[PDB]
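Q: The following file, structure11.cif, comprises mmCIF, C-alpha atoms and all ligand atoms:
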```
data_protein
#
loop_
_atom_site.label_atom_id
_atom_site.label_comp_id
_atom_site.auth_asym_id
_atom_site.auth_seq_id
_atom_site.Cartn_x
_atom_site.Cartn_y
_atom_site.Cartn_z
CA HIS A 1 0.00 0.00 0.00
CA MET A 2 1.44 3.34 -1.15
CA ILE A 3 0.42 6.92 -0.38
CA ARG A 4 -0.51 8.86 -3.52
CA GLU A 5 -0.61 12.61 -3.97
CA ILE A 6 -4.05 14.15 -3.54
CA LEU A 7 -4.90 16.60 -6.31
CA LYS A 8 -5.94 20.11 -5.26
CA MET A 9 -8.83 22.22 -6.51
CA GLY A 10 -7.75 23.92 -9.72
CA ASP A 11 -6.52 20.69 -11.28
CA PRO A 12 -8.84 20.07 -14.28
CA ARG A 13 -8.87 16.35 -13.50
CA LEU A 14 -11.14 17.02 -10.53
CA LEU A 15 -13.76 18.49 -12.90
CA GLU A 16 -13.99 15.51 -15.25
CA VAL A 17 -16.72 12.87 -15.10
CA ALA A 18 -15.23 9.57 -13.96
CA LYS A 19 -15.57 6.50 -16.22
CA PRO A 20 -17.09 3.24 -14.96
CA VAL A 21 -15.02 0.27 -13.89
CA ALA A 22 -15.46 -2.61 -16.33
CA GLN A 23 -13.40 -5.44 -14.81
CA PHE A 24 -13.66 -6.50 -11.17
CA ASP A 25 -11.36 -8.52 -8.93
CA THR A 26 -8.08 -7.76 -10.73
CA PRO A 27 -4.68 -7.19 -9.11
CA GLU A 28 -4.70 -3.69 -10.60
CA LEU A 29 -8.03 -2.83 -8.97
CA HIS A 30 -7.01 -4.24 -5.59
CA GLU A 31 -3.84 -2.14 -5.77
CA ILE A 32 -5.84 1.04 -6.44
CA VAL A 33 -8.21 0.31 -3.55
CA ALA A 34 -5.25 -0.38 -1.26
CA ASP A 35 -3.53 2.85 -2.34
CA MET A 36 -6.74 4.80 -1.73
CA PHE A 37 -7.16 3.43 1.80
CA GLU A 38 -3.51 4.19 2.61
CA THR A 39 -3.94 7.72 1.24
CA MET A 40 -7.26 8.26 3.05
CA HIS A 41 -5.93 6.89 6.36
CA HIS A 42 -2.80 9.02 6.11
CA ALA A 43 -4.80 12.25 5.72
CA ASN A 44 -7.30 11.13 8.40
CA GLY A 45 -10.14 11.29 5.88
CA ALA A 46 -13.62 9.82 6.19
CA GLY A 47 -13.69 8.99 2.45
CA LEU A 48 -11.77 9.33 -0.81
CA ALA A 49 -12.62 9.22 -4.53
CA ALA A 50 -10.27 7.86 -7.21
CA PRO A 51 -10.19 11.14 -9.24
CA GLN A 52 -8.58 12.75 -6.17
CA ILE A 53 -5.48 10.60 -6.75
CA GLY A 54 -5.57 11.14 -10.53
CA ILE A 55 -7.51 7.97 -11.42
CA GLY A 56 -10.53 8.85 -13.56
CA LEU A 57 -12.67 5.89 -12.45
CA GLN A 58 -15.92 5.55 -10.52
CA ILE A 59 -14.38 4.28 -7.28
CA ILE A 60 -15.07 5.69 -3.84
CA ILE A 61 -14.06 4.48 -0.39
CA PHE A 62 -15.26 5.60 3.02
CA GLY A 63 -15.43 4.50 6.62
CA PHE A 64 -14.97 6.18 9.98
CA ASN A 65 -17.95 15.63 17.43
CA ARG A 66 -19.74 17.59 14.71
CA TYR A 67 -21.94 14.52 14.12
CA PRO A 68 -21.89 12.81 17.54
CA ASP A 69 -25.05 10.74 16.84
CA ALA A 70 -23.47 9.00 13.84
CA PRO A 71 -22.91 5.23 14.20
CA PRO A 72 -19.62 3.89 12.84
CA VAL A 73 -19.80 2.55 9.29
CA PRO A 74 -17.22 -0.11 8.39
CA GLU A 75 -14.86 0.62 5.55
CA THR A 76 -16.69 0.42 2.25
CA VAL A 77 -15.49 0.22 -1.34
CA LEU A 78 -18.18 1.45 -3.74
CA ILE A 79 -17.65 1.14 -7.48
CA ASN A 80 -19.93 2.55 -10.19
CA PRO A 81 -22.21 4.05 -7.52
CA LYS A 82 -25.85 4.77 -8.24
CA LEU A 83 -27.32 7.25 -5.78
CA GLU A 84 -30.98 7.94 -5.06
CA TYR A 85 -31.71 11.24 -3.32
CA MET A 86 -34.63 11.25 -0.88
CA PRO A 87 -36.40 14.64 -0.81
CA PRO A 88 -37.44 16.76 0.90
CA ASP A 89 -35.39 16.61 4.13
CA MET A 90 -32.08 18.48 3.86
CA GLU A 91 -29.41 19.10 6.48
CA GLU A 92 -26.72 21.75 6.68
CA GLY A 93 -23.31 20.77 7.97
CA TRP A 94 -19.65 21.67 7.88
CA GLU A 95 -17.49 19.91 5.29
CA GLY A 96 -13.84 19.89 4.39
CA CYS A 97 -12.11 18.21 1.48
CA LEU A 98 -8.60 16.83 1.10
CA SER A 99 -8.54 18.52 -2.32
CA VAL A 100 -9.38 21.88 -0.64
CA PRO A 101 -6.83 21.83 2.21
CA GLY A 102 -7.17 24.25 5.12
CA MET A 103 -10.82 25.23 4.52
CA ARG A 104 -14.34 24.41 5.68
CA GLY A 105 -17.76 25.35 4.36
CA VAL A 106 -21.40 24.74 5.19
CA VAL A 107 -23.11 22.51 2.62
CA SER A 108 -26.73 21.40 2.38
CA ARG A 109 -27.11 17.66 1.77
CA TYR A 110 -29.97 15.21 1.60
CA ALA A 111 -30.57 13.77 5.07
CA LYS A 112 -31.02 10.34 3.47
CA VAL A 113 -29.89 8.62 0.27
CA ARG A 114 -29.91 5.17 -1.16
CA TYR A 115 -26.71 4.01 -2.77
CA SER A 116 -25.87 0.91 -4.74
CA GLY A 117 -22.96 -0.36 -6.78
CA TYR A 118 -20.29 -3.01 -6.46
CA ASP A 119 -17.28 -3.78 -4.30
CA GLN A 120 -13.86 -4.55 -5.77
CA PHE A 121 -14.82 -8.22 -6.07
CA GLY A 122 -17.93 -7.40 -8.12
CA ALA A 123 -20.32 -8.12 -5.24
CA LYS A 124 -23.45 -5.98 -5.20
CA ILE A 125 -23.79 -3.24 -2.58
CA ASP A 126 -27.21 -1.76 -1.78
CA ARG A 127 -27.83 0.42 1.27
CA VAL A 128 -29.83 3.31 2.66
CA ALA A 129 -27.80 5.90 4.59
CA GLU A 130 -28.70 8.90 6.73
CA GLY A 131 -26.97 11.77 8.48
CA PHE A 132 -23.19 11.85 8.32
CA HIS A 133 -23.07 8.51 6.48
CA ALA A 134 -25.32 9.95 3.75
CA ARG A 135 -23.24 13.15 3.71
CA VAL A 136 -19.95 11.33 3.14
CA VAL A 137 -21.44 9.30 0.29
CA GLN A 138 -22.83 12.44 -1.37
CA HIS A 139 -19.51 14.25 -0.99
CA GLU A 140 -17.56 11.36 -2.54
CA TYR A 141 -20.12 10.80 -5.29
CA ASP A 142 -19.82 14.48 -6.22
CA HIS A 143 -16.11 13.87 -6.91
CA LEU A 144 -17.11 11.35 -9.60
CA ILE A 145 -19.28 13.87 -11.43
CA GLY A 146 -16.73 16.70 -11.35
CA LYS A 147 -18.10 18.53 -8.29
CA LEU A 148 -16.17 19.86 -5.31
CA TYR A 149 -18.06 21.13 -2.28
CA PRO A 150 -17.51 24.88 -2.94
CA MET A 151 -19.70 24.31 -6.01
CA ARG A 152 -22.48 23.19 -3.64
CA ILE A 153 -22.16 26.15 -1.23
CA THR A 154 -24.92 28.74 -1.33
CA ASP A 155 -23.87 30.80 1.72
CA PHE A 156 -20.29 31.97 1.21
CA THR A 157 -20.31 33.83 4.51
CA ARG A 158 -19.84 30.36 6.05
CA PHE A 159 -16.85 29.39 3.92
CA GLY A 160 -13.33 30.07 5.13
CA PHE A 161 -10.15 28.73 6.69
CA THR A 162 -10.39 26.09 9.39
CA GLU A 163 -7.80 27.80 11.61
CA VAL A 164 -10.03 30.90 11.73
CA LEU A 165 -13.47 29.25 11.75
CA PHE A 166 -12.53 26.70 14.43
CA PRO A 167 -9.58 27.97 16.54
CA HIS B 1 5.23 51.90 10.08
CA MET B 2 4.31 48.46 11.45
CA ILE B 3 3.12 45.29 9.73
CA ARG B 4 -0.29 44.16 10.96
CA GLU B 5 -1.81 40.70 10.71
CA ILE B 6 -4.14 40.24 7.75
CA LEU B 7 -7.40 38.55 8.73
CA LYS B 8 -8.37 35.42 6.80
CA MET B 9 -11.73 34.46 5.32
CA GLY B 10 -13.85 32.95 8.08
CA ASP B 11 -13.21 35.84 10.45
CA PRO B 12 -16.62 37.52 10.94
CA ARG B 13 -14.96 40.94 10.88
CA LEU B 14 -14.48 40.61 7.12
CA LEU B 15 -18.27 40.32 6.69
CA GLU B 16 -19.19 43.52 8.54
CA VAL B 17 -20.01 46.81 6.85
CA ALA B 18 -17.26 49.33 7.56
CA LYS B 19 -18.15 52.63 9.28
CA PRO B 20 -17.22 56.00 7.75
CA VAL B 21 -14.25 58.03 8.89
CA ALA B 22 -15.40 61.21 10.64
CA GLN B 23 -12.16 63.06 11.44
CA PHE B 24 -9.41 63.65 8.88
CA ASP B 25 -5.74 64.56 9.25
CA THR B 26 -5.18 63.09 12.73
CA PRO B 27 -2.05 61.30 13.96
CA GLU B 28 -4.19 58.21 14.51
CA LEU B 29 -5.39 58.19 10.90
CA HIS B 30 -1.90 58.77 9.49
CA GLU B 31 -0.67 55.84 11.59
CA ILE B 32 -3.37 53.54 10.21
CA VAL B 33 -2.59 54.56 6.62
CA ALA B 34 1.13 54.01 7.24
CA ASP B 35 0.47 50.58 8.79
CA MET B 36 -1.72 49.64 5.82
CA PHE B 37 0.95 50.59 3.27
CA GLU B 38 3.60 48.66 5.22
CA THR B 39 1.28 45.65 5.39
CA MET B 40 0.31 45.90 1.70
CA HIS B 41 3.92 46.35 0.56
CA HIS B 42 5.09 43.42 2.68
CA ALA B 43 2.56 41.03 1.10
CA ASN B 44 3.24 42.50 -2.39
CA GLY B 45 -0.41 43.54 -2.70
CA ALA B 46 -1.94 45.94 -5.19
CA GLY B 47 -4.40 47.23 -2.56
CA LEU B 48 -5.62 46.77 1.00
CA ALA B 49 -8.77 47.62 2.97
CA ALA B 50 -8.79 48.55 6.67
CA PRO B 51 -11.18 45.70 7.70
CA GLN B 52 -8.46 43.28 6.52
CA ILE B 53 -6.26 44.45 9.41
CA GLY B 54 -9.18 44.46 11.87
CA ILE B 55 -10.08 48.16 11.52
CA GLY B 56 -13.78 48.53 10.73
CA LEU B 57 -13.44 51.83 8.83
CA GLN B 58 -14.01 52.88 5.23
CA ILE B 59 -10.35 53.17 4.26
CA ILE B 60 -8.76 51.60 1.22
CA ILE B 61 -5.30 51.98 -0.28
CA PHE B 62 -3.96 50.84 -3.63
CA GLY B 63 -1.16 51.45 -6.08
CA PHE B 64 1.02 49.28 -8.29
CA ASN B 65 1.58 40.28 -16.79
CA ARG B 66 -2.08 39.33 -16.46
CA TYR B 67 -2.96 42.97 -17.22
CA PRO B 68 0.02 44.12 -19.30
CA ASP B 69 -1.84 47.11 -20.80
CA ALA B 70 -2.46 48.68 -17.38
CA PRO B 71 -0.71 52.02 -16.73
CA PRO B 72 0.81 52.47 -13.27
CA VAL B 73 -1.43 54.25 -10.77
CA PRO B 74 0.36 56.11 -7.96
CA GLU B 75 -0.39 55.08 -4.42
CA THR B 76 -3.84 56.26 -3.43
CA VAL B 77 -5.59 56.56 -0.07
CA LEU B 78 -9.37 56.53 -0.51
CA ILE B 79 -11.61 57.16 2.48
CA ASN B 80 -15.40 56.88 2.54
CA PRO B 81 -15.40 55.80 -1.13
CA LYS B 82 -18.43 56.31 -3.32
CA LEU B 83 -18.36 54.09 -6.40
CA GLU B 84 -20.36 54.46 -9.59
CA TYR B 85 -20.59 51.34 -11.74
CA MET B 86 -20.69 51.89 -15.51
CA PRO B 87 -22.79 49.22 -17.27
CA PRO B 88 -22.87 47.30 -19.47
CA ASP B 89 -19.23 46.40 -20.21
CA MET B 90 -17.89 43.66 -17.91
CA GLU B 91 -14.52 41.93 -17.89
CA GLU B 92 -13.48 38.58 -16.46
CA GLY B 93 -10.11 38.30 -14.79
CA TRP B 94 -8.14 36.36 -12.23
CA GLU B 95 -8.08 37.70 -8.67
CA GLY B 96 -6.42 36.73 -5.45
CA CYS B 97 -6.89 38.19 -1.98
CA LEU B 98 -4.52 38.47 0.95
CA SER B 99 -7.44 37.31 3.13
CA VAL B 100 -7.78 34.17 0.93
CA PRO B 101 -4.12 33.07 0.80
CA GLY B 102 -3.00 30.50 -1.77
CA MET B 103 -6.03 30.77 -4.08
CA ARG B 104 -7.18 32.45 -7.29
CA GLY B 105 -10.56 32.78 -8.95
CA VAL B 106 -12.09 34.34 -12.04
CA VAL B 107 -14.32 37.31 -11.19
CA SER B 108 -16.45 39.48 -13.46
CA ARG B 109 -15.99 43.21 -12.81
CA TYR B 110 -17.18 46.41 -14.41
CA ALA B 111 -14.65 47.49 -17.04
CA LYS B 112 -15.03 51.08 -15.80
CA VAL B 113 -16.08 52.78 -12.57
CA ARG B 114 -16.07 56.24 -11.15
CA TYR B 115 -14.85 56.57 -7.60
CA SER B 116 -14.78 59.50 -5.23
CA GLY B 117 -14.02 60.09 -1.59
CA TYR B 118 -11.29 61.74 0.45
CA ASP B 119 -7.62 61.27 1.21
CA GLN B 120 -6.27 61.16 4.77
CA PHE B 121 -5.98 64.95 4.77
CA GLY B 122 -9.65 65.39 3.86
CA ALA B 123 -8.89 66.41 0.27
CA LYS B 124 -11.49 65.33 -2.28
CA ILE B 125 -10.67 62.50 -4.68
CA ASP B 126 -12.71 62.04 -7.87
CA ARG B 127 -11.58 59.77 -10.70
CA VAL B 128 -12.73 57.45 -13.47
CA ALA B 129 -10.86 54.15 -13.69
CA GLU B 130 -10.80 51.30 -16.20
CA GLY B 131 -9.34 47.83 -16.56
CA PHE B 132 -7.08 46.64 -13.76
CA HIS B 133 -7.31 50.00 -11.97
CA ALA B 134 -11.11 49.68 -11.88
CA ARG B 135 -10.80 46.03 -10.79
CA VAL B 136 -8.57 46.83 -7.81
CA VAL B 137 -10.93 49.58 -6.64
CA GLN B 138 -13.95 47.26 -6.91
CA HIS B 139 -12.12 44.49 -5.05
CA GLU B 140 -11.13 46.83 -2.20
CA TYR B 141 -14.53 48.50 -2.06
CA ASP B 142 -16.12 45.06 -1.69
CA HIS B 143 -14.09 44.60 1.51
CA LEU B 144 -15.87 47.64 2.98
CA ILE B 145 -19.32 46.16 2.36
CA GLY B 146 -18.50 42.71 3.74
CA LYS B 147 -17.74 40.99 0.42
CA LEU B 148 -14.79 38.75 -0.43
CA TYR B 149 -14.21 37.73 -4.03
CA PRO B 150 -15.47 34.11 -3.69
CA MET B 151 -18.87 35.72 -3.05
CA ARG B 152 -18.60 37.30 -6.52
CA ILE B 153 -17.58 34.10 -8.35
CA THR B 154 -20.18 32.50 -10.59
CA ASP B 155 -17.97 29.83 -12.21
CA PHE B 156 -16.41 27.71 -9.46
CA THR B 157 -14.64 25.53 -11.99
CA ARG B 158 -12.19 28.45 -12.25
CA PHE B 159 -11.53 28.74 -8.53
CA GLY B 160 -8.65 26.88 -6.94
CA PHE B 161 -5.12 26.97 -5.57
CA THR B 162 -2.54 29.18 -7.25
CA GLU B 163 0.16 26.48 -7.16
CA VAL B 164 -2.10 24.22 -9.24
CA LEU B 165 -3.77 26.81 -11.49
CA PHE B 166 -0.48 28.59 -12.33
CA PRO B 167 2.50 26.21 -11.85
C1 LIG C 201 -18.05 15.49 5.70
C2 LIG C 201 -18.03 15.30 4.21
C3 LIG C 201 -16.64 15.03 3.69
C4 LIG C 201 -16.13 13.65 4.01
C5 LIG C 201 -14.86 13.30 3.27
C6 LIG C 201 -13.69 14.28 3.47
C7 LIG C 201 -12.46 13.77 2.72
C8 LIG C 201 -12.54 14.03 1.23
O1 LIG C 201 -12.06 15.05 0.73
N1 LIG C 201 -13.15 13.09 0.54
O2 LIG C 201 -13.28 13.26 -0.84
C9 LIG C 201 -13.40 14.34 4.94
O3 LIG C 201 -13.06 13.34 5.57
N2 LIG C 201 -13.56 15.54 5.50
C10 LIG C 201 -13.35 15.75 6.92
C11 LIG C 201 -14.51 16.58 7.47
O4 LIG C 201 -15.09 17.37 6.75
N3 LIG C 201 -14.87 16.39 8.75
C12 LIG C 201 -14.28 15.42 9.69
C13 LIG C 201 -15.18 15.46 10.90
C14 LIG C 201 -16.24 16.50 10.68
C15 LIG C 201 -15.96 17.19 9.34
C16 LIG C 201 -15.55 18.65 9.49
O5 LIG C 201 -16.67 19.45 9.83
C17 LIG C 201 -12.01 16.45 7.21
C18 LIG C 201 -10.86 15.46 7.20
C19 LIG C 201 -11.74 17.59 6.24
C1 LIG C 202 -6.80 41.99 -8.77
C2 LIG C 202 -7.80 42.37 -7.71
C3 LIG C 202 -7.21 42.26 -6.33
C4 LIG C 202 -6.24 43.37 -6.00
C5 LIG C 202 -5.86 43.41 -4.53
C6 LIG C 202 -5.28 42.11 -3.97
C7 LIG C 202 -4.88 42.32 -2.51
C8 LIG C 202 -6.07 42.29 -1.57
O1 LIG C 202 -6.43 41.25 -1.02
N1 LIG C 202 -6.67 43.45 -1.41
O2 LIG C 202 -7.78 43.52 -0.57
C9 LIG C 202 -4.06 41.77 -4.77
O3 LIG C 202 -3.09 42.52 -4.84
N2 LIG C 202 -4.13 40.61 -5.43
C10 LIG C 202 -3.04 40.16 -6.29
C11 LIG C 202 -3.63 39.66 -7.61
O4 LIG C 202 -4.76 39.18 -7.63
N3 LIG C 202 -2.89 39.77 -8.72
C12 LIG C 202 -1.56 40.38 -8.82
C13 LIG C 202 -1.27 40.47 -10.30
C14 LIG C 202 -2.42 39.83 -11.05
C15 LIG C 202 -3.40 39.27 -10.01
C16 LIG C 202 -3.48 37.75 -10.02
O5 LIG C 202 -4.19 37.29 -11.15
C17 LIG C 202 -2.20 39.05 -5.63
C18 LIG C 202 -1.18 39.65 -4.67
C19 LIG C 202 -3.07 38.03 -4.92
ZN ZN C 203 -13.46 15.59 -0.93
ZN ZN C 204 -8.67 41.38 -0.95
#
```
If you took the structure in this file and wrote it as structure tokens, what would it be?

A:
Amino acid sequence: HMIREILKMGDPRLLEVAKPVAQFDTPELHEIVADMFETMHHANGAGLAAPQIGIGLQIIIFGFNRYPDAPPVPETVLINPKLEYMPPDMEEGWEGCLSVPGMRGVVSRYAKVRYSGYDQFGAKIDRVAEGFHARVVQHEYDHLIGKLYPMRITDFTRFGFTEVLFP
Amino acid sequence: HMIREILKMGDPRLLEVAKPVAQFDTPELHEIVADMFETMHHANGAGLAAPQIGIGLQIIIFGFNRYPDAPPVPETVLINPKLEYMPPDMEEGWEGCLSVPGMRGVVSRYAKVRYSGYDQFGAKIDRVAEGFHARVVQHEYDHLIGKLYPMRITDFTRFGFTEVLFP
């Protein structure tokens, strides 16, 4: 497992739409997943998307005080995700992104989503998530469609540097 | 002349509306202006607004390859500015802000503005500016009404970190 560089906002690769994975359970795919977990763990992230390490594929991983009611979710590998948003209940919360280092912003997310897809072995995944779990999945899914969380912000008075917002 | 700390985005003082200066040509006002120029010069800025150093007053200073056609404008102190925007001609250009370190974004500005106000001696100032000159004045004026340039951005695909946007 190797630590890969995380691309920063401004890199046009973060704006592309990731392509689907076609072949499952390959040594190449296991290596990518392992590299992503090493990279995520090293930066103390709750999730990571393959475009963030320069891999333009529909692969996300996740697993983990601002959300003290959140149960722990075991590490998950989600490939070719299909999300279903569940209107109308939205929640505001603070987000940061490893591709936007040093900053936080308030982002509205669906309180609940369904997500499905496949793990790196090609096994089906199908879950309903709420709260922080749902927020992490939405944040990582956004990375696969070229969206970073400042694109989701509507109140830029609540966007700024972590050191100043939370001293 | 002393160098003051520049407040970073997230500090609620940058969102306040600055109060007008009431007394001109005082030792206190000259000291502020001197501190602002020392702070601006030190960060290699083209302008600075008093709220950026924690002074909630309508004081801006400015003076100075992305705008190679721009003539030099001598240092200016502008107090209680009154801007007139001149529609319809707008220009896009890259901006950075000392209160948003490490980032750049594309911002639409009026190509031309009129600005008036007073210098630190109480002498009237009244000018028409275009191009980069007009852009700097708009950027600094925004600081006095609680606006930072990410609030002006409409295309967040052209917002990111300088090191990545301009390597
Ligand atoms: C919350 C939605 C974002 C989850 C994923 C991000 C990591 C990332 O950039 N994924 O693409 C993260 O862990 N962000 C963390 C984050 O935002 N946290 C961690 C705890 C609470 C919240 C900050 O309010 C920190 C490490 C920046
Ligand atoms: C252009 C509108 C902004 C002018 C004022 C800012 C400084 C500032 O934050 N004032 O409040 C500046 O000098 N910004 C510079 C800036 O944006 N420049 C300098 C040359 C060209 C342009 C970058 O595209 C750098 C130092 C960040
Ligand atoms: Zn992220
Ligand atoms: Zn500025």

Q: Which residues are close to residue 88 in chain B, i.e. within 12 Å by all atoms listed in the file, leaving aside same-chain residues fewer than 5 positions away? Reply as a count of residues only.

A: 6

Q: Excluding residue 10 in chain A and any residue of its chain fewer than 6 positions from it, enumerate the residues within 8 Å of it, using only C-alpha atoms, and give them as a PyMOL selection string.

A: chain B and resi 157-162+164-165

Q: Can you work out which residues from chain A touch chain B at a cut-off of 12 Å (counting all atoms listed in the file) and hand them back as a PyMOL selection string?

A: chain A and resi 6-16+99-106+146-167

Q: Please write out, as JSON, where the centre of an axis-aligned box around all listed atoms of range 43-47 of chain B lies and how long its edges are, in Å to one decimal, after adding 6 Å on each side.

A:
```
{"center_x": -0.6, "center_y": 44.1, "center_z": -2.0, "size_x": 19.6, "size_y": 18.2, "size_z": 18.3}
```

Q: Dump the neighbourhood of ligand LIG 201 (chain C) as a ChimeraX atom specification: all residues within 9 Å, distances computed on only C-alpha atoms and all ligand atoms.

A: /A:40,43-50,52,60-62,64-67,93-107,132-133,135-143,148-149

Q: Distance CA of residue 58 in chain B-CA of residue 21 in chain B, one decimal place?

A: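 So the answer is 6.3 Å.
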
Q: I need the residue nearest ligand ZN 203 (chain C) from this list: A:51, A:27, A:81, A:74. Use only C-alpha atoms and all ligand atoms for the distance.

A: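 The closest residue to ligand ZN 203 (chain C) is A:51.
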
Q: Expressed in Å to a single decimal, how great is the separation between atom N2 of ligand LIG 202 (chain C) and CA of residue 121 in chain B?

A: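 Computing the Euclidean distance for atom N2 of ligand LIG 202 (chain C) and CA of residue 121 in chain B yields 26.5 Å.
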
Q: CA of residue 42 in chain A and CA of residue 118 in chain A, how far apart in Å?

A: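 That distance, rounded to one decimal, is 24.7 Å.
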
Q: Compile the contact shell of residue 123 in chain B as a ChimeraX atom specification: residues with an atom at most 12 Å away, counting all atoms listed in the file, same-chain residues fewer than 2 positions apart removed.

A: /B:24-25,76-80,116-121,125-126

Q: Could you please give me, as an MDAnalysis selection string, the residues of protein, DNA or RNA lying at most 8 Å from (-1.1, 3.4, 0.0) in the coordinate frame of the file, considering only C-alpha atoms?

A: chainID A and resid 1:4 34:39

Q: Can you find the residues with an atom no farther than 12 Å from (-19.2, 52.2, -18.2), counting all atoms listed in the file, and report them as a PDB file with C-alpha atoms, in the coordinates of the input?

A:
```pdb
ATOM      1  CA  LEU B  83     -18.360  54.090  -6.400  1.00  0.00           C
ATOM      2  CA  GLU B  84     -20.360  54.460  -9.590  1.00  0.00           C
ATOM      3  CA  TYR B  85     -20.590  51.340 -11.740  1.00  0.00           C
ATOM      4  CA  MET B  86     -20.690  51.890 -15.510  1.00  0.00           C
ATOM      5  CA  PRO B  87     -22.790  49.220 -17.270  1.00  0.00           C
ATOM      6  CA  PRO B  88     -22.870  47.300 -19.470  1.00  0.00           C
ATOM      7  CA  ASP B  89     -19.230  46.400 -20.210  1.00  0.00           C
ATOM      8  CA  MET B  90     -17.890  43.660 -17.910  1.00  0.00           C
ATOM      9  CA  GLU B  91     -14.520  41.930 -17.890  1.00  0.00           C
ATOM     10  CA  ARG B 109     -15.990  43.210 -12.810  1.00  0.00           C
ATOM     11  CA  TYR B 110     -17.180  46.410 -14.410  1.00  0.00           C
ATOM     12  CA  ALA B 111     -14.650  47.490 -17.040  1.00  0.00           C
ATOM     13  CA  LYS B 112     -15.030  51.080 -15.800  1.00  0.00           C
ATOM     14  CA  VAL B 113     -16.080  52.780 -12.570  1.00  0.00           C
ATOM     15  CA  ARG B 114     -16.070  56.240 -11.150  1.00  0.00           C
ATOM     16  CA  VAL B 128     -12.730  57.450 -13.470  1.00  0.00           C
ATOM     17  CA  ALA B 129     -10.860  54.150 -13.690  1.00  0.00           C
ATOM     18  CA  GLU B 130     -10.800  51.300 -16.200  1.00  0.00           C
ATOM     19  CA  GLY B 131      -9.340  47.830 -16.560  1.00  0.00           C
ATOM     20  CA  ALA B 134     -11.110  49.680 -11.880  1.00  0.00           C
TER      21      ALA B 134
END
```
